[PDB]
Amino acid sequence: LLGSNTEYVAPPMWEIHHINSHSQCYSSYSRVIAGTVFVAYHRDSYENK
Amino acid sequence: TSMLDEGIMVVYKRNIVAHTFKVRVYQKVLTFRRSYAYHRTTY
Ligand SMILES: *[C@@H]1O[C@H](CO)[C@@H](O)[C@H](O)[C@H]1NC(C)=O
Numbered sequence: 161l162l163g164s165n166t167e168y169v170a171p172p173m174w175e176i177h178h179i180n181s182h183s184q185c186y187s188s189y190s191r192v193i194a195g196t197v198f199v200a201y202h203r204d205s206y207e208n209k
Numbered sequence: 112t113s114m121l122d123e124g125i126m127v128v129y130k131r132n133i134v135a136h137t138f139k140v141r142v143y144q145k146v147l148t149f150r151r152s153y154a155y156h157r158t159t160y
C-alpha cells in the first residue's frame with residue numbers, strides 16, 4: 161500500500177449544465193495547466209461515458 | 112370600622134454544565150515521503 165492524493169475539483173460549466181438538466185456527470189475530468197491539457201478517467205482506460 | 122405564612126426556602130437551578138467524560142481514540146498514521154537520487158543530492 162502506498163500514497164493517496166485526493167483533490168476536490170469544480171466541474172466545467174458545460175458539465176454543470178449537463179449535471180442539473182440530466183442528473184448525470186461525465187466520467188472524465190480535464191484541466192489545462194501551463195501548456196498541455198491533463199485528463200483523468202474513472203476506472204482505468206475507460207471512455208467518456 | 113377598623114381592620121402571611123412563614124417558612125424556610127431552598128431554591129434550585131436548572132443546571133447547565135454539560136456532562137464530561139473521557140473517550141479513547143484508537144487510530145494509525147501512515148505517512149509516505151518519496152524521493153529521487155542523483156549523485157549525492159537526494160531530491
Ligand atoms: C467528454 O465529453 C464531453 C462532451 O461529450 C467533452 O466536452 C469532453 O471534452 C470529453 N472529455 C474527454 C474526451 O476527455
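Heads up: the protein sequence lines correspond to chains A and A', in order. A prime marks a further copy of an entry chain.
Residues in the first sequence are numbered from 161 upward in steps of one, following the deposited numbering.
Those letters in the second sequence? Residues 112 to 114, 121 to 160, by the deposited numbering.
Even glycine gets a Cβ: it sits at the ideal position worked out from N, Cα and C.
- Shown here, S181(A) sits in a helix according to DSSP, grouped into three states.
- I125(A') and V134(A') have their C-alpha atoms roughly 27 angstroms apart.
- Placement of the Cβ of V199(A) at a distance of less than 7 angstroms from at least one heavy atom of ligand 1 is found.
- Relative to ligand 1, the nearest heavy atom lies less than 7 angstroms away from the CB of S190(A).
- Proximity of the beta carbon of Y206(A) to ligand 1 is not indicated: no heavy atom of the ligand is located closer than 7 angstroms.
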